[PDB]
Amino acid sequence: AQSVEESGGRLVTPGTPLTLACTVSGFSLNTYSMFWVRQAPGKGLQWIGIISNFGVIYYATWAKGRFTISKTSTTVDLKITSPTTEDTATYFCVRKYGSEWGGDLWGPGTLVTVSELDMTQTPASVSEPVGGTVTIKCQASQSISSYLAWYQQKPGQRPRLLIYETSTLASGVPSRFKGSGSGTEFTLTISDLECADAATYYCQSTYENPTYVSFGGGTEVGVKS
């Protein structure tokens, strides 16, 4: 079985440096690339940076100087150089799937407490009835061709990949989830809504450049009853 797990999260005082570890099981970091994402409580997902199987690192522009990535044969490490209260978040390491800069295997995340493409997601919130339909729209500042993934995140759980390459369905995801779009305009439609569809959904630019990798703000989806 293939899995991922983060560790190192704890309470810390501003400026006290901290290192998090991401330990993998069932695959080699000689084969797979890994990337780090964070999520402040109540806020959405934010990309930090990526390290290839060959150890080439790319950081988001906002993260440069604030974070260092490094790897062993079995561990990917993230160092927070000089924490502030704005760095209080759950930190996830994610295993990159082959075609794009999206992730198929997420860890449970580790909580840290401290005492340029734009993605526009709409709507913010929506509820439809069981059996209903929900449509989420995602709008990209520049053209990202087919490099778009959709993730599902239940409260207090990790994101699950639903759709990659705009319309391709991940393993185990039912066909009720339909992805479509091209370039700058993308949509996810959930047909025959169920109880188990209530979650937050995020679009992500999986374009293979650190300037272009971006998460939408999220969309709370409810089910009426």
# chains A, B, ... in the order shown; residues from 1 in each chain; ligands from 1

call {"tool": "closest_atom_pairs", "arguments": {"of": "stretch 96-169 of chain A", "to": "stretch 200-205 of chain A", "cutoff": "7 Å", "atoms": "only C-alpha atoms", "output": "tab-separated table"}}
result
residue	atom	partner	partner_atom	distance
A:138	CA	A:203	CA	6.7
A:144	CA	A:205	CA	6.9
A:147	CA	A:205	CA	5.8
A:148	CA	A:205	CA	4.8
A:149	CA	A:204	CA	5.3
A:150	CA	A:203	CA	4.6
A:151	CA	A:202	CA	5.2
A:152	CA	A:201	CA	4.7
A:153	CA	A:200	CA	5.2
A:154	CA	A:200	CA	6.3

call {"tool": "select_by_dssp", "arguments": {"residues": "stretch 53-157 of chain A", "states": "strand (DSSP E)", "output": "number ranges by chain"}}
result
A: 57-59, 67-71, 75-80, 89-96, 103-106, 110-114, 119-122, 125-129, 134-140, 148-153

call {"tool": "residues_around", "arguments": {"residues": "residue A:1", "least_positions_apart": "6", "cutoff": "12 Å", "atoms": "only C-alpha atoms", "output": "short mmCIF file (atom, residue, chain, number, x, y, z; two decimals) with N, CA, C and O atoms, in the first residue's frame"}}
result
data_model
loop_
_atom_site.label_atom_id
_atom_site.label_comp_id
_atom_site.auth_asym_id
_atom_site.auth_seq_id
_atom_site.Cartn_x
_atom_site.Cartn_y
_atom_site.Cartn_z
N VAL A 24 7.42 8.80 3.37
CA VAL A 24 6.62 8.08 2.34
C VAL A 24 6.82 6.58 2.53
O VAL A 24 7.89 6.16 3.02
N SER A 25 5.80 5.83 2.15
CA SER A 25 5.72 4.35 2.22
C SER A 25 5.16 3.81 0.90
O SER A 25 4.14 4.34 0.44
N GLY A 26 5.83 2.81 0.33
CA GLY A 26 5.33 2.08 -0.86
C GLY A 26 5.84 2.65 -2.17
O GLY A 26 5.41 2.13 -3.22
N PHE A 27 6.69 3.68 -2.17
CA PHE A 27 7.29 4.22 -3.42
C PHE A 27 8.58 4.96 -3.10
O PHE A 27 8.84 5.33 -1.95
N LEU A 105 -1.82 11.70 -4.05
CA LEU A 105 -1.69 11.08 -2.70
C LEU A 105 -1.31 12.18 -1.70
O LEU A 105 -0.24 12.77 -1.84
#

call {"tool": "residues_around", "arguments": {"residues": "residue A:65", "least_positions_apart": "2", "cutoff": "10 Å", "atoms": "only C-alpha atoms", "output": "list in words"}}
result
residues 59, 61, 62, 63, 67, 68, 80, 81 and 82 of chain A

call {"tool": "closest_residue", "arguments": {"among": "A:127, A:42, A:134, A:47", "to": "residue A:209", "atoms": "only C-alpha atoms"}}
result
A:47
